[PDB]
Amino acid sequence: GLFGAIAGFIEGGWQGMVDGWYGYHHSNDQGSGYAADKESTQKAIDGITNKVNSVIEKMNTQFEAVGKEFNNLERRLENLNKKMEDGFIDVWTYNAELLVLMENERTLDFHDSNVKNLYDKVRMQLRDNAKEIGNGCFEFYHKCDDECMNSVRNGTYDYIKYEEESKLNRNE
């Protein structure tokens, strides 16, 4: 807006990044826009897809036909059978609930760390050439157009190139 770009991983999510799950927002003379990290997003989608299939590759092979019938002289037997059917439902119901609960905890942390990695993947490859703002964004000490923007996104950023004037701008 209307309020000055800048939301990073810290501060929140971006509705404007319809592209993928994790990604970059940029700001230069040419303009501003959102862009997903295809690599980071994919590794996650795969991870999460697998997580979901893991829970769903299960047992399942029936037919089983659960209904059973008993005399009025076989109440202990009926009851036995009832405790069994109940016992299994109790187990499956508890494991399921807790499984879901633990795997949701893990999933969200998984996302938080993927995004943090994307941050450090950049931080490490820029260093003194850029100021770490602290909102999950980097202010450049030099200039960087779309040619250079690709380089920082897909990890081919030339630090030795912009090494020079980054220093001169930094020292005031």
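All residue numbers refer to positions in the sequence shown, first residue = 1.
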- Mean temperature factor over C-alpha atoms, higher-scoring stretch between 12-20 and 159-167: 159-167
- Once average C-alpha B-factors are taken from the entry for 37-45 and 99-107, the winner is 37-45
- Top Cα B factor in the deposited entry, candidates 113, 135, 129, 50: 129
- Note on the structure: Binned into thirds over the chain's modelled residues, the C-alpha B-factor of residue 58 lands in the middle
- residue 69: CA temperature factor from the record, placed by chain third, in the lowest
